[PDB]
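Chains as they are written, first to last, in the authors' numbering: chain A, 1 to 304; chain A', 1 to 304. A prime marks a further copy of an entry chain. Heads up, the beta-carbon is just placed ideally off N, CA and C, and yes, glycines get one too.
There are 2 protein chains.
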Amino acid sequence: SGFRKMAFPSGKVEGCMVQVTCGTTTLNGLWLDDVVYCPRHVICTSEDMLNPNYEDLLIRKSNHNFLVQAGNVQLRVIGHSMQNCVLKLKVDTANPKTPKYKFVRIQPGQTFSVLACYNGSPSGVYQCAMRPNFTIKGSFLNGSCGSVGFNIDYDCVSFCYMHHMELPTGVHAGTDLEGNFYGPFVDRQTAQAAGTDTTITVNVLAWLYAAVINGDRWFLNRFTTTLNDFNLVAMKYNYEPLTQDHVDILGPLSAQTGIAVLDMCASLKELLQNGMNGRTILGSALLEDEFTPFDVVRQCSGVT
Amino acid sequence: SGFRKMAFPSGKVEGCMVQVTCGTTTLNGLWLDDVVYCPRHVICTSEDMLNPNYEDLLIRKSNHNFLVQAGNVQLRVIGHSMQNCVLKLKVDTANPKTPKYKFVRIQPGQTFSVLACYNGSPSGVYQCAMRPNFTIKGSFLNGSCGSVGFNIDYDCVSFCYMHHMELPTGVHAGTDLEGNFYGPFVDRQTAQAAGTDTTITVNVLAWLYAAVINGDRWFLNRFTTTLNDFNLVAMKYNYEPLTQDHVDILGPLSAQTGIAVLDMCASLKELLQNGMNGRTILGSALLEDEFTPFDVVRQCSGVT
Ligand SMILES: Cc1ccncc1NC(=O)Cc1cc(Cl)cc(N[C@H]2CCC[C@@H]2O)c1
Ligand SMILES: Cc1ccncc1NC(=O)Cc1cc(Cl)cc(N[C@H]2CCC[C@@H]2O)c1
């Protein structure tokens, strides 16, 4: 029992972290096979960030301008290319610690672990979610760019995020490993507001199922609802609309607890309308939405 | 910016996890040098857990009864001994992945990361604190015993916890790496109630400083207080008394923000007396107490 915001073990990703320096800028790179992936803004000076023409800036850079260090050893750069907002630095040595990996682009509402790094060295690991407005709420300081987000399925690391930016609002933006930003964000120092940060309803429900599994049952009521009735309340509270696909996804949790999905929806509807009344659920005073139904099943079953 | 419940990178500890089986019982062990450390209840059957005489049970066990597997390879056990509530299994091979390490016994209020494991394999990593009643609020299922808690200082892993038990109340109990339980807990299936779980005041204050650093400033007020006045309110709310040692420990955070410690105490006093009024601080609707002042400095400065 117990339910925690749990991150994946980070060892397989720690073995891929390198430091990339170009001119006066230093950030993190991800070394997989003989390629180092990093944010393309490594080639920019602070003055360049206002209105960068990355293709034009990159012309002035050669392979020897990209300093890649793995631990205390320098890697030799034998090629460089830009793919969307990431640079791919071909090095002469394959990473001996390359795990089995995939590059995946996640959907809003999906969770992943972040290994926050500085100068190619890991500082910590935490769990976060791709928000419905395509931002993430991480913990990143200057130098953290190039830190990656990932999920693990047994021995295969699926990299889904690379950190690029902090918006003026303190929220984070980045790309998948093909260099495409999540959301409408651009790697430029310009006015970029995030969009409405709605609550991931299906994740809230999964977390209520985790609460019942772990003994917190005070919020269970004598009511039921329908998807259309529940969604009228969800709209009012800036919650994402719940679909039959979401109900299907919650099926294993509903089976394990014997609580029908629409009954749990009625419990969530009352929590939205009435509040917690100073009570907590799994040590939280707000409804948690950064656990997917798969995260709950995984944590409650002990998948390694 | 951003502030997350961050765990240490787990790679150095993943390299130490092994599976230990004795008879029908399987749990986790920690392999450091040529010794594997595990909970002594690995020698018990479920019937033995009611009233175990560990010295008597251990007599019936020989080195060949302890099956230690690291990955898919079996380790040869050449000695066994019991130290308090842990067994030390001497193996014929030093762990090649042994990091620089120390065994430390932590004080209540201190935080650490847990690498939850099953069958010697890591499932996840999360951050937790030794509660003032010497329990931890983790996420552990059957088979998680022997999972360890640790802190890292650059390249040295300080192991502080080994998981042994879940109490009937869903809280967790365990030992340091010398086998001494934290708190009054015993490795027996008997009535054991935890004690009052008070709030770690100094950690709450550190987290309020992290909030101000990260822009959440709504709770700052025009007041101040004294240690004695603050503690009258802290007692009423089951908060640990704040001492001058704690004020000294918060010194760097007070210097960084320009907010005197007693002024922050007055803000916390108003939050206790008035509540949050439906507002949040760093994405939380309750006062968070599992970040030490050192955790806040570390996360806000990017220590790797
Ligand atoms: C600072 C940070 C914090 C967290 N995560 C990430 C970061 N870093 C960034 O966003 C990188 C970045 C991206 C853009 Cl579009 C512009 C800049 N401009 C810089 C010129 C002087 C300082 C200012 O940061 C930098
Ligand atoms: C189960 C668990 C969950 C989380 N963390 C840890 C655990 N495991 C434990 O506490 C181990 C343990 C310690 C004591 Cl003192 C007694 C037992 N008795 C068992 C006999 C039948 C089943 C029951 O669990 C087992």
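Check	Outcome
Taking the alpha-carbon positions, what's the residue 161 of chain A' to residue 31 of chain A' distance?	14 Å
Is residue 3 of chain A' closer than 8 Å to residue 282 of chain A' when the C-beta atoms are compared?	yes
Taking only beta carbons into account, state which residues of the segment 14-27 of chain A' come closer than 8 Å to chain A, listed in chain order.	14 and 15
Given that a residue counts as buried once 16 or more other Cβ atoms are within 10 Å of its Cβ, and exposed if not, what is residue 50 of chain A'?	exposed
Give a yes or no on whether the C-beta atoms belonging to residue 35 of chain A and residue 20 of chain A are separated by under 8 Å.	no
At a threshold of 7 Å, does residue 145 of chain A count as lining ligand 1 (C-beta to nearest heavy atom)?	yes
Buried or exposed for residue 24 of chain A', please, with buried defined as at least 16 other CB atoms from any protein chain shown within 10 angstroms of its CB.	exposed
Which partner residues does residue 275 of chain A have in the DSSP bridge list?	None, per the DSSP bridge assignment.
Under the assumption that residue 176 of chain A contacts residue 105 of chain A (Cβ atoms under 8 Å), give the Cβ distance between them as a whole number of angstroms.	4 Å
Which residues, in chain order, does the segment 251-271 of chain A contribute to contact with chain A' at a C-beta distance below 9 Å?	none
Tell me whether residue 141 of chain A', by its Cβ, gets closer than 7 Å to a heavy atom of ligand 2.	yes
Please classify residue 102 of chain A as buried or exposed, where buried requires at least 16 other C-beta atoms within 10 Å of its C-beta.	exposed
Would you say residue 131 of chain A' faces chain A, with C-beta separation under 8 Å as the test?	no
Which class does residue 23 of chain A' belong to by DSSP, given the choice of helix, strand or coil?	coil
For residue 279 of chain A', which residues of its own chain have a beta-carbon under 7 Å away from its beta-carbon, when the five flanking residues on both sides are left out?	218
Taking the alpha-carbon of residue 297 of chain A' as reference, which of A':232, A':260 and A':210 has the nearest alpha-carbon?	A':210
Where does residue 33 of chain A sit, in a helix, a strand or coil, going by DSSP?	coil
Against residue 112 of chain A', what residues of chain A qualify as contacts under a CB-to-CB distance less than 9 Å, listed in chain order?	Neighbours of residue 112 of chain A' on chain A: none; closest Cβ ~13 Å, over 9 Å.
Among the candidates A:148, A:159 and A:153, whose CA atom is the shortest distance from the CA of residue 172 of chain A?	A:148
Give a yes or no on whether the minimum CB-CB distance between residue 188 of chain A' and chain A is below 8 Å.	no
Hey, does residue 294 of chain A have any beta-carbon neighbour from chain A' nearer than 8 Å?	no
Going by the beta-carbon positions, is the gap between residue 311 of chain A and residue 68 of chain A smaller than 8 Å?	No information on residue 311 of chain A is available, as it lies outside the stretch 1 to 304 that chain A covers here.
Between which residues of its own chain and residue 262 of chain A is the CB-CB distance below 8 Å, once the five residues before and five after are set aside?	224, 225, 226, 227, 230 and 247
Does the count of Cβ pairs from the segment 114-128 of chain A' and the segment 82-101 of chain A' closer than 8 Å reach three?	no
Does any C-beta atom of chain A' lie closer than 8 Å to the C-beta of residue 299 of chain A?	yes
Cβ-heavy atom distance between residue 305 of chain A' and ligand 2 below 7 Å?	Any property of residue 305 of chain A' remains undetermined from this structure, which presents chain A' solely from 1 to 304.
Checking 8 Å against the spacing of the C-beta atoms, do residue 301 of chain A and residue 166 of chain A' come in under that value?	no
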